Structure formats: structure tokens, C-alpha cells
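Given as C-alpha cells, the chain that follows is alone and in the form deposited in one PDB entry.
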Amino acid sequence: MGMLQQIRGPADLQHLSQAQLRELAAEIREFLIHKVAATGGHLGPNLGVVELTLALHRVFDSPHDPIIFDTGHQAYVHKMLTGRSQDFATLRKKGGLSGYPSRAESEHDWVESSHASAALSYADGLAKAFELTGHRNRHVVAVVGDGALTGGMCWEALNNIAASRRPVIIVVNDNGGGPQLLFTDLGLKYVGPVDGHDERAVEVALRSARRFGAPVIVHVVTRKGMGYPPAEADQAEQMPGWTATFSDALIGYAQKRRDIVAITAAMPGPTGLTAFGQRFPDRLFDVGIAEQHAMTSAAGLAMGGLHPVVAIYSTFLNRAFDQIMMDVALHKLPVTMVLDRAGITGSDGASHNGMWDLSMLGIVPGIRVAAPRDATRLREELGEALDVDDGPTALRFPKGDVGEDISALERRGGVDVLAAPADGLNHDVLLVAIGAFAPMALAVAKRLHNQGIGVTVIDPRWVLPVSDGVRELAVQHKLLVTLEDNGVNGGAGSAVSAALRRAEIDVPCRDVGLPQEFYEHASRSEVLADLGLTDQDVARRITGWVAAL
């Protein structure tokens, strides 16, 4: 890999022959295949942008010309051409190379958000900034996938960009899951379609756009996984589960009920809805990267008498907040939302962690939110959600393997008592374990037992609204501690406190969960250990509170 090890930055491409560029592209593909197989990450989407990224850095002068990747999962070649080729041994590892652009890593990186369809909106802003600061001849380049182009923010941005001569180059990276509408005749100059694996053709198209001195669309066609047949074959975004359990449960319920329909915002595979679609192909809708449309179209389906199940990863549901509020909840419609990747996900960094949903959903009048503690409770809570015919329901659960089943000692006022004070200890601490933190709560209760502190561990199952069961048990204990895989601001703990205070119960409450912060990438287990969300650190904390009385 003689060619690649000589690239210090973009200008090192500037005097290469097409033969050298072709050799470099082959070295980049070999590098990506071997590095990304070792670390995991977005191999297919990066293989598809080798020639496109070489062409961008042969035409544009980054960062004078900002290169803004929509989503940013496809910026590995960009990082390799901006001095970070030696950092791939640490890709997506704690203290290592981010899976997304990072302002901390490089002057060439602008946007760290993985939330799709935002690049063109940043581009409009930056182009306006350059005008307002009198920066000469800065060309903002937005690299937008066909998937990202199905998001509404792109239409808002293109309307704004089209109103001005400020130079924004809209590079559509089309490997399609893309738009059903034409973007050849919107009033913006259109160049293409260009073969995105013909580096010279991409350079000519971009150079032509750069010289246009006004907004222009450059439509490039690429192949996801180009050069690596397994990635080409599977068209995969990256290389006993919660998701599988959801998938199987949903198929079970849809077998007994023709009114169930499923909706994904472009992630039928990862949400477990491909298996559902194979059994009920008329009842699965993939709406593109369009969480807002997923939710309001769900409202329309419910107005026509159906019970939509909308499966959207926790973090991405932020996009649909106003649709949950004004389209679903305002109309008392039975839409069930299923939020996979709830709580810390870790390795995709700050913009992927599912740590907002309990706080956001708590704002929605009349909402019912469940957090499954295990496989059986996911099945049961899904059935209970499907039985709610008069308002929105939500289930949230983490990525990865479902923990073993924990059967309750008893159910009181909706709440599952998982553990009660044993062998002469008293009702000291009510530990309210939200969702997947049940096993950690049981380990905390055992450590506290050994300190002489008696713990009742409950799973409220339905976290919102706060149930009678929680109020009934609270008054029997000296301290209530909520333990949640969610931001503590407006989270389950603050809701439990608010519900007790509303009921004139002033038992001391503590909110143990994620501090209201953006977390850098690391494994889930490393993020939780660094925050002290471990049975050892939580038991130590609760001991201090009980000692203080």
C-alpha cells in the first residue's frame, strides 16, 4: 500500500495520474475491508464512496470549501485522505477514531450528528455565514445519500438554497430506498446521472458544478459494497436478541389480528420488521428516512381503523416529537411506537444513544410508556399496548441480547415486585428498576442486604403514567431510588418524584440514571462503568443516602 501511506492530506492527490488514483482506490478498498472487518463499522457505504471522495478532494479545497457528509457514516475515505489512515486500528473504540466526522479530530470535519438529512440545512447556514462575514469563494459541498434525500429537511433546505446564488453543491450519492419523486426539474441546475465509480467523470461533474457559481445538483450513482462481493450481495449498512423477540411477538399478534400494520423509517432489517413483511407483505410500510411521515401516516392509518406499530430507534424518534403530540396524541389514536436501541448504545457515539425517549414521551398528554425488563415482559407489554384503542403507547428496550427472564414475586397495582426484604431486614429502599436495569437492581439489592439495608425491587412495567402500585409501595419505604437507562432530566425518576409529590407523598426520591450529557463513543459497558451505573457504584451511593437517613 505504497500509494496510500504517502497521502498526508488532500493536495497529495493533486499531481497523481489516473493510474495512480486507480491504484490508490484499490489500496483504499483493501484497507477498508481488513480494518472495518476487525473493528466493525460501515464497510458497504464507504466502499461505495471511494472514487466519489477521491474526486471531492481533487476538486474542492477543504476546509475553505466545507465538505459536509449527510449522516457521516460514509466519511472513512475522507478521514483516510485527511491524515487519519493510521488511526483505523482504533475505529469506533473508546479514545479512538469516531465512526463519524469529529471537529476535535480534524479541521476537515464540520458535522458530528449521525441524524440523516441535515447536511443541506447546515450548508445553507454556512453559505449564509460566508456571505455575512465576506469570506470569498467558499463552496459548501453537501454529500447526501439517496436515503437521506427522502427526509423532509432536504426539501426545506433545497427550497432555501434555490432562492439564492450562494454556491451550494448538492452531491447526491445514489446507490438505490431513494426518492420516488424526480429531482431533475425542481428549478436547480442538474448534472448527471454520473457513474460514481468513474473518478474522472465525478471530477468533471464536480469541477463543472464548482464553476457554475450558483446552487447545482450533481447526481452520482454508486454501488454499496463496491469491490467486496459479500457487501455487494447483502447491501448491508454495517458489519437471543431483544429485536428478534419483538419480531417474533409482533408476528404472533398480527396472526390473530388483521388490524395490525407495521411502519419503519427505512430500517426494516434492523427493527425486526423484514420477517413481519415476509408474512404480511401488504401490512409493512417503509416510508424512507422520514420519521415525521412514519408517525403522521400512522395517525392516518389509525383514523382509518387500524392499529399501527411504528418501529423507530429511540434517538431518531426525536424527529417525530411534534407528530406524536399533535397528530397521534391530540386525536387519541391507537399508535404503538417500538423504540429499539433505547438507553446507551455506546460505539456510535453521542447522536446514537437512546437516552431521550422517556423524557420526551413524558411530555405527551395521555401517553402510556412501557420498558420491558426481559423477553416475556416485551411479549406481554406489546400485547397490552395493542389492547389500548384510545391513545398512543410506546415500548423501549436496548440493543443486544435479552437478559434471562425474571418472574415477579407478585403484581400490585400494575407493578411487578421482583425482590422483597428477606430474613428480618425492613422496607428501607424502594428500588424502581426501569427496563433492562432490573438485573443490575437485583445485584444492588443483594449488596445492600449485606449492608443490613432492606430493598424492595419493582419493575413498574408501564413507567408512564406512574401507577398506583408505585405510590402504594413508596409510603412503606424510607427512600425511593429510580434506576433508568435514560437522561435523568425529565426522566422516569423525576416523573416518579413528581407523581408522589402530586399525591402528597414526600418520601425522599433519588434519580439514578444517565447525566444529561452527550457521551463520546465507547462500548455500552464502558459508558455505564465510567458513569458509575454498576451494581457496585449504585449500592455504594444508596448506602450513603440511607446512612444520611
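Just count from 1 along the sequence shown to find any residue number.
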Cross-entry absence of residue 435, a third or more of other PDB entries: no
Among the other entries of this protein that model both neighbours of residue 124, is it absent from at least a third? no
What is the count, as a class, of unmodelled deposited residues between residue 176 and residue 177: none, 1 to 3, 4 to 9, or 10 or more? 10 or more
Might you work out how many residues are unmodelled in the deposited sequence between residue 239 and residue 240, and answer none, 1 to 3, 4 to 9, or 10 or more? 10 or more
So 518-526 or 44-52, which one's hotter by mean CA B-factor in the entry? 518-526
As the entry reports it, the stretch among 141-149 and 398-406 with higher mean C-alpha B factor is 398-406
Entry record, C-alpha B-factors for 502, 29, 58, 64; the maximum is at 502
Whose C-alpha has the highest temperature factor in the PDB entry: 39, 497, 486, 482? 39
Divide the modelled residues of the chain into thirds by Cα B-factor and specify which third, lowest, middle or highest, holds residue 508. highest
Check where residue 87 lands among this chain's C-alpha B-factors and tell me if it's the lowest, middle or highest third. highest
In terms of its chain's C-alpha B-factors, the third that includes residue 314 is the lowest
Considering every modelled residue of the chain and its Cα B-factor in the PDB entry, is residue 216 in the lowest, middle or highest third? middle
Looking at the C-alpha B-factor of residue 228, is it in the lowest, middle or highest third of its chain? highest
